[PDB]
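Heads up, the thing below is written out as structure tokens.
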Amino acid sequence: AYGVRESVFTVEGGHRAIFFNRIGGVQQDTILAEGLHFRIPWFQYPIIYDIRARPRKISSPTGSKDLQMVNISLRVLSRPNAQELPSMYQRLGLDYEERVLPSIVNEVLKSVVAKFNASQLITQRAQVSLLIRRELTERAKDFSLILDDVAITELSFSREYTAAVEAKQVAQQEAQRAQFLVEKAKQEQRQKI
Amino acid sequence: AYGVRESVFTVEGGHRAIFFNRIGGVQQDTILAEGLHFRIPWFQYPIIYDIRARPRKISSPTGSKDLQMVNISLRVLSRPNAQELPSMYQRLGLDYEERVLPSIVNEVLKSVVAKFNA
Amino acid sequence: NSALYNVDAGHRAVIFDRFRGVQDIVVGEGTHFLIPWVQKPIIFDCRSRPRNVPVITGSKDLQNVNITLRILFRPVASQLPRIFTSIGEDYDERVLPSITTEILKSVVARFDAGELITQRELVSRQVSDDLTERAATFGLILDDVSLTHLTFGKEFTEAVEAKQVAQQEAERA
């Protein structure tokens, strides 16, 4: 009864089984889709890859065109490419996300965010976001990792830069309050008269 | 004795029973008023909706044309329409008040009060 | 009984055949028949599902807004198997965060708090249209898209209160 049990297996939930044949290792060009399939009890020991795109959040400080650290946190959604299921494994292992995404994402962040200043980076955040999205797509393309969507989930600066922008708003608010002070002065003048 | 017990039911107090048929789901256009009715033991499992208008109090800060937040709490008395009992359920479920009223009421308040000053 | 399954009202079922894979059609509500141990169903909600997405968003004037957007979304009935295969039943927590965050941030970066409150219709239409366009790719209808919870920083509140206090000081003085 165990001969059939270990011989035929079903793959479900958008998962793919790649057979690690004992003849030469991973059996290339034998990728299979969802459904049911026949697995050799010994020679073929399938490895299951979940194709559902798995988002990941990366928190990595990066330098800007203003030479100031910017702890920008980015969320990236990606899934393995169906065409190159074996070879990626052969060159990446069953643990490829933590083996590829950190290096590419952090290098792209440092090489892209460095070309913008804080004000331009935030006001034109769409431009830098889509530029980094294209860069990440191109970079991870070689790694067989299809990229579903690249977005910026957070952006923070040193407390001193935020203090500076808060002081800018303070200056605007004070230059606004000045005219109310002038009106109060007018009323006080009338009272004095 | 239990065959008749589960087969015929009485609806009272301004309540409507809509039958969830097993042939294709909710028995559309089979709505019935108060009184007594025959409910199939298995195929038709009625769901009871209280027609009686119910009130609800919504408290939520809202901006005004003066750019100031005003917590103008509003009470609304509403009941489901008798002519569309199935479809609403089909698209709302048995909990439509908490699923609809918050969004519509808060959006309406924000889009109406915001146009006026105190 | 193992092969006997029923999908409640306001819901849809997507059936997966082991010998033929996923389906290309979606069955309706109510009890249905399937092949035991081969045709496994999955139940998805067709009723408008609400969700709230509170977030701090950076406006062009570098003053962040603590803003909450409430969206009544339900998956497209036709493309339910497509999304299930692509991402699975965790289709909201795997997609809605990114699209909501990016849409709201892009909308907010256009203007500032004053321009945000002065024209509610503009921002409402922008968020609605952008979210609908984004969810068109993901095939999830937005039954209702509504932004109803606005909050700013203490600096802009200070500015508004200064304006109001000066205006009242006119009459008082």
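With no solvent and one equal point scatterer per Cα, compute the Debye intensity ratio I(q)/I(0) for region C:72-167 at 0.11, 0.17, 0.23 Å⁻¹ and report its log10, rounded to two decimals.
For region C:72-167 at q = 0.11, 0.17, 0.23 Å⁻¹, log10 I(q)/I(0) is -0.44, -0.81, -1.18.
Put +1 on the Cβ of each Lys and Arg and -1 on the Cβ of each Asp and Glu in the protein assembly as shown; which of C:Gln164, C:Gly28, B:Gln44 then has its Cα farthest toward the positive end of the dipole?
Looking along the dipole axis, the top candidate is C:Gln164.
Using the scaling law 2.2 N^0.38 Å as the reference, what is the normalised Cα Rg of region C:109-152?
Values: Rg = 11.9 Å, N = 44, 2.2 N^0.38 = 9.3 Å.
This ratio for region C:109-152 stands at 1.29.
For region C:1-69, treating each Cα as an identical point scatterer without solvent, what Debye log10 I(q)/I(0) comes out at q = 0.17, 0.25, 0.28 1/Å?
For the requested q values the scattering log ratios are -0.66, -1.08, -1.20.
In units of 2.2 N^0.38 Å, what is the alpha-carbon radius of gyration of the protein assembly as shown? Before the final figure, lay out each step's value.
Values: Rg = 29.5 Å, N = 484, 2.2 N^0.38 = 23.0 Å.
Dividing the Cα Rg of the protein assembly as shown by 2.2 N^0.38 Å gives 1.28.
Which of the listed residues, C:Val55, C:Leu140, C:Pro41, is farthest toward the dipole's positive end in region C:40-140, when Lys, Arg count +1 and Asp, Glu count -1 at the beta-carbon?
Towards the positive end, the residue furthest out is C:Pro41.
Return P(r) of chain C (all Cα-Cα pairs; 5 Å bins starting at 0; whole %; ordered from short to long distances).
P(r) for chain C, in whole percents per bin: 1, 7, 14, 15, 13, 10, 9, 8, 6, 5, 4, 3, 2, 1, 1, 0, 0, 0.
Using 0.36 nm per residue, how much length does the chain from C:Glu161 to C:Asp24 gain when fully extended, once their Cα-Cα distance is taken away? Numbers along the way, then the final one.
Values: separation 137, 0.36 × 137 = 49.32 nm, distance 5.93 nm.
Taking C:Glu161 through C:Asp24 to full extension adds about 43.4 nm, to one decimal.
Mind putting a number on the dipole of region B:61-115 about its Cα centre? Charges go on the C-beta only, +1 for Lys and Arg and -1 for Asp and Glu, and I need it in Debye to the nearest 20. Walk me through the numbers on the way to the answer.
On the way: 7 positive and 6 negative charges, 36 e Å.
It works out to roughly 180 debye.
Helix-derived [θ] at 222 nm for chain A: sum -39500 (n - 2.57) over DSSP H runs of at least 4, divide by residue count, nearest 500?
Values: 6 runs with 86 residues, N = 193.
The helix contribution divided over chain A gives -14500 deg cm²/dmol.
Could you compute how fast region A:113-159 diffuses translationally, taking Rh as the Kirkwood radius over C-alpha pairs and applying Stokes-Einstein at 25 °C with viscosity 0.890 mPa s? Give it in µm² per second.
Once the numbers are plugged in, D ends up at 207 µm²/s.
Cα convex hull of region A:74-163: how many Å³ per residue? Walk me through the intermediate numbers first.
Numbers: hull volume 8.6 nm³, N = 90.
Convex hull of Cα atoms, per residue: 96 Å³.
Report, to the nearest 10°, how far helix C:96-110 tilts away from the longest principal axis of the Cα atoms in chain C, using its own Cα long axis and a range of 0 to 90°.
30 degrees
Assigning unit charges at the beta carbon (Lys, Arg +1; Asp, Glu -1) and nothing else, what dipole magnitude in debye, to the nearest 20, does the protein assembly as shown show about its Cα centre?
Roughly 340 debye for the protein assembly as shown.
Based on Cα positions only, what radius of gyration and what Dmax would you give for region A:1-107, in angstroms?
Taking only Cα atoms of region A:1-107, I get Rg and Dmax of 18.8, 69 Å.
Put +1 on the Cβ of each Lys and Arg and -1 on the Cβ of each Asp and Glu in region A:59-161; which of A:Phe116, A:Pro80, A:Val70 then has its Cα farthest toward the positive end of the dipole?
Result: A:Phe116.
Just need the Rg to Rh number for chain A, please, alpha carbons only, Kirkwood Rh.
Values: Rg = 28.1 Å, Rh = 21.0 Å.
Taking Rh as the inverse mean 1/r over Cα pairs, Rg/Rh reads 1.33.
For C:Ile56 and A:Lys115, what does the FRET efficiency come to when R0 = 22 Å and r is the distance between their Cβ atoms, rounded to the nearest 0.05? Provide the component values of the computation, followed by the final result.
Numbers: r = 25 Å, r/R0 = 1.16.
About 0.30, to the nearest 0.05.
Could you work out [θ]222 nm for chain C from helices alone, using -39500 (n - 2.57) per DSSP H run of at least four and dividing by all its residues? Round to the nearest 500 deg cm²/dmol. Spell out each step's value before the answer.
Values: 5 runs with 66 residues, N = 173.
That calculation yields -12000 deg cm²/dmol at 222 nm.
Modelling each spin label as a point 7 Å along the Cα-to-Cβ direction, I'd like the A:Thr10/C:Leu4 distance in nm, to one decimal.
2.0 nm
On a straight-distance basis, which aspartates and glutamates could pair with C:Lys163 in a cross-link, Cα separation under 20 angstrom, same-chain partners fewer than 8 positions away excluded?
A:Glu166, A:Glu174, A:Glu183, A:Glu188, B:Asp66, C:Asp61, C:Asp112, C:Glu115, C:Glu155, C:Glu171
Please note: Cβ atoms are built from the backbone with ideal geometry, for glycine as well, and neighbour counts cover all protein chains shown. Read-outs: derived from the displayed coordinates by stated rules, not from any lab.
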